[PDB]
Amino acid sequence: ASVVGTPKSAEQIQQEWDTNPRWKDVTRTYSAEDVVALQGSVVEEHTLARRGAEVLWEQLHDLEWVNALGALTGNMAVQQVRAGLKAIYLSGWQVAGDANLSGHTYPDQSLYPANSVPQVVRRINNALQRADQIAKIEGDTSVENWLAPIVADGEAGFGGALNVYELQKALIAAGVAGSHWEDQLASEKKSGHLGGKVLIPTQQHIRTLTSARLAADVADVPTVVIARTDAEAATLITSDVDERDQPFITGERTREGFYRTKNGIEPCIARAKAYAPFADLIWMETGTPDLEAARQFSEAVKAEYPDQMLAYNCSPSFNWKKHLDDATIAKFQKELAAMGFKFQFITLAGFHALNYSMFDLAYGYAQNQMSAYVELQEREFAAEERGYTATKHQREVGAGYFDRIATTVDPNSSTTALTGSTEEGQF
């Protein structure tokens, strides 16, 4: 007997849908009653998911554009926010390669356990929460919002609409702000820039986008839903059942029973228009960093959905200087923003920053031992004027915060950490 967590009435839900500007362009093919019927008698409050999704939605409208870097560890996200970024991108590619629950290194093909990204989302939020806590006790107002919104990779759902539903639900439980879903066959999922991609029917992805929204509704949070299409390079599709896809079907079939389909921007535009009512943002994977191709896509889509916001993947899978000059590179994101691409991210930033920095250090260490490390430590000290604080690793990880907890429990405790530490007397 308790009123804690009591579900909202179908009427209240309906009202929010009809009045909140958040749902201005959102179409739901199910009823408010349907949502309530799935909430049981208790609805858990998902604080981080709600706040994150609200902050993300706001930033997408108030800022020229929202950009982010892929993070595969908690500390990565902390450094990103400490450096001034206002969003965190959680790459599935990076999770596959260096942060998934199987413990194995995998290429980007939906090989890892379906709850891996959810765990990293939870992990990133914990890391940001610790930074937040530490900033409070240090009186550090350097960062206005440590709990930056997280946009996580839902890939192809790892199966059908039910798998999609459970993933969205888990991402929310972990505190995610937004999630993206691609129109690829889950069992043959390929990285956006790897070959051998197989698309699924247009309607099937709409079911995916619908299931993703339903989980969010049942969890009572305004999670930002992003639809991604891989039709730009995919030359295969699982079925010709959907009339909207038929125009592109060549008729040829593979041993596996797939159908050949004409790839390119035309299919992406069609699918994007079909997903628009079910997506807060739309993303088109491309084979190169091309502002003109992006313009073409944006204009064609906005021609039918003026307010449709877009997302763009500034992929490390591109050999940037091989395609663009420094001038264009420097204005790349600003131009995309000018064309409606409000969420931009470098998917594999973390994988590259982590692998390079360690290769570089290890190499130098192999040749000059301590000298190579001291150079890094000195760069860290030097970056302190830019706001860097990890040089003092103890406090950076909460040594001061836990000392506070220790002294709160027992002020006369003789086992506190920072007092007498080398960090206190050498940094």
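Numbering starts at 1 and follows the sequence shown.
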Residue range whose averaged C-alpha B-factor is higher in the record, 280-288 or 115-123: 280-288
Comparing 377-385 with 46-54, the one whose average Cα B-factor in the PDB entry is higher: 377-385
Member of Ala68, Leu361, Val397, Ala32 with the greatest C-alpha B factor (per the PDB record): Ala32
Selection by C-alpha B-factor (highest) of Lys334, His104, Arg207, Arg82: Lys334
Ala417 - Cα temperature factor, lowest/middle/highest third of chain: highest
Cα B factor band for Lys322 (lowest, middle or highest third within the chain): highest
B-factor third for the C-alpha atom of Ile265 within its chain: highest
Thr141 CA temperature factor, ranked by third within the chain: highest
Relative C-alpha B-factor of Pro306, binned into the chain's lowest, middle or highest third: highest
